[PDB]
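Asks: I would like the atomic coordinates for the input below:
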Amino acid sequence: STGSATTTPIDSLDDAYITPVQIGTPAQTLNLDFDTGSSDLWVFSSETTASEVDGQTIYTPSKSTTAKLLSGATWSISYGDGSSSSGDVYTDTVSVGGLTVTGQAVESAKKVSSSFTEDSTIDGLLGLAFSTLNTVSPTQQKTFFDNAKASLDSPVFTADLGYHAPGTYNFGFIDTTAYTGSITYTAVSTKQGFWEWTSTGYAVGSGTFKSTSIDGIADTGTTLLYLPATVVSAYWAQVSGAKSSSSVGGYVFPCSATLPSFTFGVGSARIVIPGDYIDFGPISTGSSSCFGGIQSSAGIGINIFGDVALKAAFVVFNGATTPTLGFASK
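Replies: Numbering: from 1, shown residues only. Structure as follows:
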């Protein structure tokens with residue numbers, strides 16, 4: 001089997017991407033944030049504290065003839081941005097882009113933190129990291145990809161995120177028309193439950209490539225590119241007037257600037273992030289100070305190849321017995 005679904009930016013900055021997902025019988029379609037940095041499929045629901053729902057579409061398990069309470073199971077998750085959610089668990093039928101899993105754990109939120117309530121465009125998350133990170137207790141549950149894998153034509157999914165435009169998540173096949181050149185594959189460590197790999201270095205603009213190992217994770221659920229402070233300083237030093245602002249929480253730059261590109265290494269290959277992809281717009285409405293798309297990972301404890309980096313590539317999440325990552329230009 002295969003599946004193919006379009007993923008759409010939630011706003012004009014590409015702060016996140018939403019993908020329609022069918023849950024239950026008859027189908028209830030929710031728009032979920034596909035997150036290769038976590039491993040829970042959770043949704044706003046009829047059980048969510050009413051004051052914490054503000055415009056999201058909810059899953060109502062009592063209206064699904066295929067929903068079953070997973071007795072005794074609870075979940076609770078906290079994300080790197082400080083947000084969180086928790087609740088109970090049903091199993092139900094879940095379809096993405098024509099690919100169907102029966103008996104998928106659907107984690108129904110009883111509580112969500114303010115940042116989720118305040119984002120009316122995201123109805124929940126669909127985790128695509130390794131199932132060892134799933135938070136359901138006392139019986140850990142499998143991700144949608146893990147449940148579908150054996151049925152797929154090939155045990156892979158691909159992320160093709162757009163810049164200010166829709167893109168595609170495919171399951172079970174590699175669309176050879178979606179990228180240029182060849183796909184370069186690189187090794188993955190699953191020891192922390194992430195799609196963790198090692199970049200071979202970087203360049204800033206037209207500058208020379210610096211060969212240096214950068215361990216980090218391919219994370220579709222993180223907006224920005226978080227790299228070591230040395231690398232980030234070298235980037236922003238090329239932008240007149242850019243500075244790290246403790247009060248804003250990162251590097252800012254004059255909105256009048258034209259940003260240089262940023263290149264990262266994948267083996268001997270190179271992925272080029274155009275300068276425009278690094279502009280996240282005014283820090284507050286009407287300001288001439290703009291927020292940077294490349295930020296320091298110091299204090300986070302891990303480097304994160306988030307959407308800023310991934311949307312410059314066609315990315316293969318290869319879930320074969322020994323997982324690997326593939327990157328192609330596009």
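Asks: Same question for stretch 316-330: list its buried residues.
Replies: 316-319, 323-329 (16 or more other Cβ atoms under 10 Å). The C-beta positions use only the backbone N, C-alpha and C, and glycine is treated the same way.
Asks: Can you give me the end-to-end span of it?
Replies: One end of stretch 316-330 sits 13 Å from the other (Cα to Cα, to the nearest Å).
Asks: Not counting that stretch itself, show me its contacts.
Replies: Applying Cβ atoms under 8 Å, 6 or more residues apart in numbering, the contact partners of stretch 316-330 are 36, 128, 145-146, 149, 155-160, 174, 178-188, 190, 195, 197, 218, 266, 269, 271-272, 312-315.
Asks: any idea which of the buried residues of stretch 316-330 is closest to residue 201?
Replies: residue 327 (14.0 Å; Cβ to Cβ).
Asks: Looks to me like that closest one is in a strand.
Replies: Yes. Under DSSP: H, G, I helix; E, B strand; the rest coil, residue 327 falls within a strand.
Asks: Distance to residue 69 for the buried residues of stretch 316-330 - can I get that in JSON lines?
Replies: Below are the buried residues of stretch 316-330 laid out as JSON lines (distance: Cβ to Cβ, whole Å):
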{"residue": "316", "distance to residue 69": "36"}
{"residue": "317", "distance to residue 69": "31"}
{"residue": "318", "distance to residue 69": "35"}
{"residue": "319", "distance to residue 69": "29"}
{"residue": "323", "distance to residue 69": "32"}
{"residue": "324", "distance to residue 69": "38"}
{"residue": "325", "distance to residue 69": "37"}
{"residue": "326", "distance to residue 69": "39"}
{"residue": "327", "distance to residue 69": "41"}
{"residue": "328", "distance to residue 69": "43"}
{"residue": "329", "distance to residue 69": "47"}
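Asks: gap between residue 229 and residue 273?
Replies: 18 Å (Cβ to Cβ, to the nearest Å).
Asks: Of these two, give the one with the bigger neighbour count.
Replies: Neighbours were counted for residue 229 and for residue 273 using other Cβ atoms under 10 Å; residue 273 has more, 24 against 13.
Asks: Next up, the contacts around the more buried one.
Replies: 225, 261-264, 308-309, 312.
Asks: I'd like these as JSON lines, with distance to residue 290 and secondary structure appended.
Replies: Shown next, in JSON lines, are those (distance: Cβ to Cβ, whole Å; DSSP: H, G, I helix; E, B strand; the rest coil):
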{"residue": "225", "distance to residue 290": "16", "secondary structure": "strand"}
{"residue": "261", "distance to residue 290": "17", "secondary structure": "coil"}
{"residue": "262", "distance to residue 290": "16", "secondary structure": "strand"}
{"residue": "263", "distance to residue 290": "21", "secondary structure": "strand"}
{"residue": "264", "distance to residue 290": "22", "secondary structure": "strand"}
{"residue": "308", "distance to residue 290": "14", "secondary structure": "helix"}
{"residue": "309", "distance to residue 290": "19", "secondary structure": "helix"}
{"residue": "312", "distance to residue 290": "19", "secondary structure": "coil"}
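Asks: Now tabulate those residues in a markdown table and tack on distance to residue 17 and neighbour count.
Replies: Output for the contacts of residue 273, formatted as a markdown table (distance: Cβ to Cβ, whole Å; neighbours: other Cβ atoms under 10 Å):
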| residue | distance to residue 17 | neighbour count |
| --- | --- | --- |
| 225 | 15 | 29 |
| 261 | 22 | 18 |
| 262 | 20 | 28 |
| 263 | 23 | 19 |
| 264 | 20 | 25 |
| 308 | 12 | 25 |
| 309 | 14 | 28 |
| 312 | 14 | 23 |
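Asks: tell me which of these is nearest to residue 255?
Replies: Out of the contacts of residue 273, the member with the shortest distance to residue 255 (by Cβ to Cβ) is residue 308, at 17.4 Å.
Asks: pretty sure that closest one contacts residue 224?
Replies: Yes. Under the criterion of Cβ atoms under 8 Å, residue 308 makes contact with residue 224 at 5.4 Å.
Asks: Between those two, which contacts overlap?
Replies: 293-294.
Asks: For the contacts of stretch 316-330, which PyMOL command selects only the ones that are buried?
Replies: Typed into PyMOL, the line below selects the buried ones among the contacts of stretch 316-330, using 16+ other Cβ under 10 Å:
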select buried, resi 36+128+145+146+149+155+156+157+158+159+160+174+179+183+184+185+186+188+195+197+218+266+269+271+312+313+314+315
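Asks: so how far is stretch 253-267 from its chain's centroid?
Replies: Distance of stretch 253-267 from the chain centroid (Cα atoms, centre = their mean, to the nearest Å) equals 21 Å.
Asks: Also stretch 130-139?
Replies: For stretch 130-139, the distance to the chain centre is 18 Å (Cα atoms, centre = their mean).
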